[PDB]
Amino acid sequence: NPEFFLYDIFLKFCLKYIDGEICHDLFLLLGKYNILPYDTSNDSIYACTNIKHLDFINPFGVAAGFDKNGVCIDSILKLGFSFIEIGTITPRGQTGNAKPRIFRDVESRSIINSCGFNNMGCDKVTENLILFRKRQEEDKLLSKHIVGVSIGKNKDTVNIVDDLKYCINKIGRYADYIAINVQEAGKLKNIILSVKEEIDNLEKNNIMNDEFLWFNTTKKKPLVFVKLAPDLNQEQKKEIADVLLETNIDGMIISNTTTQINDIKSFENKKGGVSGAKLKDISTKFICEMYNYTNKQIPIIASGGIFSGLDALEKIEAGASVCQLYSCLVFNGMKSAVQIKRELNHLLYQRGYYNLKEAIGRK
Ligand SMILES: Cc1cc2nc3c(=O)[nH]c(=O)nc-3n(C[C@H](O)[C@H](O)[C@H](O)COP(=O)(O)O)c2cc1C
Ligand SMILES: Cc1cc(N[C@H]2CCc3ccc(Br)cc3C2)n2nc(C(C)(F)F)nc2n1
Ligand SMILES: CCCCCCCCCCCC[N+](C)(C)[O-]
Ligand SMILES: O=C(O)c1cc(=O)[nH]c(=O)[nH]1
């Protein structure tokens, strides 16, 4: 379509000449003004998926760090994504590290960043999410679309559990799921359990029925996911895997950015974590490991170097039930969701899968 094509041209221009974070904020602004294209197509009923009772109309969403402050949830979802993870948010606002703090490498389709958890803080973002939830009631294209919220600690926190607790008390009512982003097995167990308790306490301390308590999509309490970084050793992964089973966690997001990459020349003297195509193989391997160490009792959300339908099926066959995009949107533009959904549908057919669910963990 011409709407997608025109923006993809503008994107490639922007990619060549303009600073990354400036580009990002610009396009976010365009989304806020609601002048980005829509994908109004019906998603294949065979590519639908779920994390327990949380149902996704298709297997592609947008990862955390893209719309940190939830300023244009509508427009991003309407590009064809089934869900978005806003945040990571913190209890108080943070400016993050010094700019410029994000850099791309087009030929390797990789990104490096050291943002330092810049965000408007839980109060403001909660206000933004509420406004979205009200629009969602009115907007036909937002029905059954999921919004998760990634929460983290402040830069100089007094207590991590209390930081996450503050966020949950503020924004939990409006979230379909919560992503814990922070890592010793002992500390993690405490963190995970406190989060579950505080979510359960929202149900308790309210006199309203669920239909009027959970102002979200599921009309139930938010699930609890945890997001893991790829830079762990095997003993660390096994220990974590146990805690996630002990705590009965609803899902795990595999994975965040890596520091193990150094063969990107333009990133030679650059500081931060890498994402994009170079993270793909590392991330896929991580999924297989945690899918095994866990005995497949914890659903997985895939993240890392997913650009194509082919890339998607790898993550799924490794154990993932859903996929998150970020770098793809930077390098492929507005068509990312429309394209990847089409490719995965073709692939699931040619490979002789009846539906997507059948392909999870096959390899
Ligand atoms: C600029 C930037 C900001 C990010 N911010 C967050 C964040 O706030 N919270 C989080 O969990 N992950 C964050 N991430 C990691 C992404 O959510 C994602 O896990 C990672 O980029 C791998 O996906 P990709 O290879 O498709 O880009 C960020 C990544 C980038 C590049
Ligand atoms: C040219 C261009 C663009 C870009 N993001 C865009 C992607 C496409 C898109 C679509 C809808 C909405 Br709403 C928002 C955005 C943000 N980025 N992001 C970075 C980085 C590495 F994060 F800095 N560089 C970029 N360069
Ligand atoms: C030279 C500028 C290139 C961008 C093209 C701008 C026109 C796009 C119009 C999209 C319509 C938005 N929508 C779907 C909400 O109507
Ligand atoms: O905000 C950031 O700097 C950030 C957070 C995160 O979780 N992952 C990442 O790569 N960057």
Side-chain angles (χ1 to χ4, degrees), residues 1 4 8 39-63 77 79-85 108-110 144-146 225 228 230 250-255 275-363:
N1 293 279
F4 286 93
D8 292 334
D39 175 12
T40 68
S41 69
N42 289 325
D43 294 317
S44 178
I45 54 174
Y46 298 109
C48 80
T49 179
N50 72 276
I51 303 289
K52 300 177 186 315
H53 299 296
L54 181 59
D55 296 318
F56 302 83
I57 59 176
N58 71 62
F60 297 106
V62 171
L77 286 172
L79 284 174
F81 293 105
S82 64
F83 73 107
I84 180 166
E85 186 176 307
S108 65
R109 295 178 299 158
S110 283
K144 304 203 286 156
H145 285 62
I146 302 302
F225 302 160
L228 314 177
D250 296 312
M252 58 187 167
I253 308 162
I254 300 171
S255 70
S275 44
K278 298 292 293 185
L279 177 62
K280 178 184 149 201
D281 284 338
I282 293 160
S283 285
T284 304
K285 182 180 179 179
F286 196 1
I287 295 168
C288 286
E289 293 173 341
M290 294 301 297
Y291 193 52
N292 292 339
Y293 300 164
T294 304
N295 302 312
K296 313 181 180 190
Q297 303 307 316
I298 307 293
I300 297 172
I301 299 89
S303 187
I306 305 172
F307 289 80
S308 66
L310 187 63
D311 294 332
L313 182 50
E314 296 174 11
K315 303 281 174 164
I316 296 158
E317 285 176 348
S321 303
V322 291
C323 292
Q324 277 178 343
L325 307 191
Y326 195 132
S327 296
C328 184
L329 276 155
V330 171
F331 295 109
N332 295 13
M334 301 296 163
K335 56 139 182 295
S336 298
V338 177
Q339 176 165 295
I340 199 167
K341 282 188 294 186
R342 171 182 61 80
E343 292 175 353
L344 177 64
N345 283 335
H346 291 165
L347 210 64
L348 287 169
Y349 184 86
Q350 298 162 24
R351 295 291 179 87
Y353 291 104
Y354 173 77
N355 60 11
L356 175 146
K357 315 208 196 213
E358 175 174 18
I360 304 173
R362 266 286 297 134
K363 187 164 173 294

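This chain uses plain numbering: 1 for the first residue, then up along the sequence.
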Check: What pairs with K285 under side chain to side chain contact (heavy atoms under 4.5 Å, CB included), at least two apart in sequence or on another chain?
Finding: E289
Item checked: Side chain to side chain, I301 and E85, heavy atoms closer than 4.5 Å -> no
Notebook entry, point to check: Is there a side-chain contact between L347 and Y353 (heavy atoms, below 4.5 Å)?
Noted result: no
Next item on the list: Taking the side chain as every heavy atom from C-beta outward, state whether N345 and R342 have any atom pair closer than 4.5 Å.
Entry: no
Check: Under the 3.5 angstrom rule, does the side chain of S283 hit a backbone N or O of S303 as a donor-acceptor pair?
Finding: yes
Margin query: Test your reading of the model: is there a side-chain donor-acceptor pair from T49 to the backbone of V322, 3.5 Å cut-off?
Written below: no
Notebook entry, point to check: Rounded to the nearest 0.5 Å, how far does CZ of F286 lie from CG of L279?
Noted result: 10.5 Å
Next item on the list: Kindly give the heavy-atom pair with the smallest separation between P59 and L344, and that separation in Å.
Entry: CG-CD2, 3.7 Å
Check: Could you give the distance from CD1 (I287) to OG1 (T294), rounded to the nearest 0.5 Å?
Finding: 12.0 Å
Notebook entry, point to check: Stepwise, does the side-chain contact (heavy atoms from CB on, under 4.5 Å) test hold for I340 with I306?
Noted result: CA-CA 9 Å; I340 199 167; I306 305 172; 3.8 Å; yes
Check: Do you know which two heavy atoms are closest between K52 and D55, and how far apart they sit?
Finding: O-OD1, 4.3 Å
Item checked: Atom of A302, atom of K315 and distance for their closest heavy-atom approach -> CB-CB, 3.6 Å
Next item on the list: Please list all pairs passing the ring-ring contact (aromatic ring centres under 6.0 Å, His included) test where one or both residues lie in residues 298-350, with sequence neighbours left out.
Entry: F66-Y326
Next item on the list: Look only at the side chain of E358 and the backbone of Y354, and say whether a donor-acceptor pair between them is shorter than 3.5 Å.
Entry: yes
Check: In this structure, are over 12 heavy atoms from other groups packed under 6.0 Å from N292 atom CG?
Finding: yes
Notebook entry, point to check: So which heavy atom on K280 is nearest to which on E314, and how close?
Noted result: CE-OE1, 3.0 Å
Margin query: When you compare the side chain of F4 with that of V338, does any pair of heavy atoms fall below 4.5 Å?
Written below: yes
Margin query: Distance alone, cut at 3.5 Å: any donor-acceptor contact between the side chains of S308 and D311?
Written below: yes
Margin query: More than 12 heavy atoms of other residues, nucleotides or ligands under 6.0 Å from NZ of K144: yes or no?
Written below: no
Note to self: Just so I know, are the side chains of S327 and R109 near enough to count as touching, which here means a heavy-atom distance under 4.5 Å?
What the structure shows: no
Next item on the list: First locate atom CD1 of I316, then atom CG of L348, and finally report the distance between them rounded to the nearest 0.5 Å.
Entry: 6.5 Å
Item checked: Check: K357/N50 side-chain N/O donor and acceptor closer than 3.5 Å -> yes
Next item on the list: Please round to the nearest 0.5 Å and tell me the distance separating atom CD1 of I254 and atom CD1 of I282.
Entry: 14.0 Å
Next item on the list: Could you tell me which residues satisfy side-chain hydrogen bond (donor to acceptor under 3.5 Å, both in side chains) with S82, sequence neighbours excluded, listed by chain and number?
Entry: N58
Next item on the list: Find out whether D250 and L54 are in side-chain contact, i.e. whether some heavy atom of one side chain is under 4.5 Å from a heavy atom of the other.
Entry: no
Next item on the list: Identify the heavy atoms of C328 and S336 that sit nearest to each other, and give their distance.
Entry: O-OG, 3.5 Å
Notebook entry, point to check: How long is the span from the CZ atom in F81 to the CG atom in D39, to the nearest 0.5 Å?
Noted result: 9.5 Å
Next item on the list: Return the minimal non-hydrogen interatomic distance between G309 and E343, and the atom names on each side.
Entry: N-OE1, 2.8 Å
Notebook entry, point to check: Can you tell me how far CD of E317 sits from CD1 of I360, rounded to the nearest 0.5 angstrom?
Noted result: 11.0 Å
Item checked: Polar side-chain atom of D8 near backbone of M334 as donor-acceptor pair, under 3.5 Å -> yes
